[PDB]
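Structure first, commentary second.
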Amino acid sequence: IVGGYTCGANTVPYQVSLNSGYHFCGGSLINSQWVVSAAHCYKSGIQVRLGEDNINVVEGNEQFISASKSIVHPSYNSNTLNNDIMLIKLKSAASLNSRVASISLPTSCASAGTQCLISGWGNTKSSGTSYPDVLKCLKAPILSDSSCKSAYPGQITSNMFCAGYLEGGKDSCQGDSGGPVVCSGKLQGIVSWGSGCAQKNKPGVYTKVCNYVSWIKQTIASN
Ligand SMILES: [Ca+2]
Ligand code: NA
């Protein structure tokens, strides 16, 4: 996250860290046994870490659970990153508590102008590399699709939306992928891609979760 602030320990209780010997992507807990993340974060041998704040120090509120199965969306295109979403089933159910809670799926899609909260353990520099150890947060609005499509011609589909600051300065970055975008108490996006981080006229691009609630609900009930 570039231009964000330190969230505070366990203030984003639905945020998860996917680890394969190191933190490589974020995710969101949707219920005791399922996590949603981006499909481009797919890897075999994932350990989901919940109740995390400093990912390098065990502070006591963490739960490390291995994934029993991963489902990448049937229409995921790794070239355009259209349908960038995947579900992960935990080997055991997580114990939900004050520090570990799930996020609710949306009943409708959000409007341009709505403010959201984006969080993650990714790079914090637009031009440089600085990876933090504690969770960072950033508040950003959803941008009109017109401004999104004008920043990226021919690349935006109906399953994506942009959020951020066209002036640059604030944005999600790599290491934040798969993580949540929550607006009004519902999970509306997943960190997917963008052009660099916090560059002018290059806002972040997110997976539009309101278009996948039926596939999500149907898939977790059958697995
Ligand atoms: Ca920790
Ligand atoms: Na993240």
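Numbering of ligands and ligand atoms starts at 1, following listing order. Index from 1, following the sequence. The analysis underlying the following values was restricted to heavy atoms, covering all of them including side chains, and did not include hydrogens, waters or symmetry mates.
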* **Pair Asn159, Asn211: side-chain N/O donor-acceptor within cut-off below 3.5 Å** => yes

* Structure fact -> Closest heavy-atom pair, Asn83 versus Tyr76, reported as atoms and distance to 0.1 Å, is O-CD1, 3.4 Å

* **Check: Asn223/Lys69 side-chain N/O donor and acceptor closer than 3.5 Å** => yes

* Answer with yes or no whether the hydrophobic clustering places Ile55 together with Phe24; edges join I, L, V, M, F, W, Y residues whose side-chain heavy atoms lie under 4.5 Å apart. => no

* State whether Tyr152 and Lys202 meet the cation-pi test: NZ (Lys) or CZ (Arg) under 6.0 Å from the six-membered ring centroid, and within 45° of the perpendicular axis. => yes

* **Modelled atom types, side-chain donor and acceptor of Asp84 and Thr207, under 3.5 Å** => no

* Asked: Under 3.0 Å from the Ca ion (ligand 1), how many protein N/O/S atoms can be counted?
  -> 4

* **O (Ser119) to the Na ion (ligand 2) to O (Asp176) angle, given to the nearest 10 degrees** => 110°

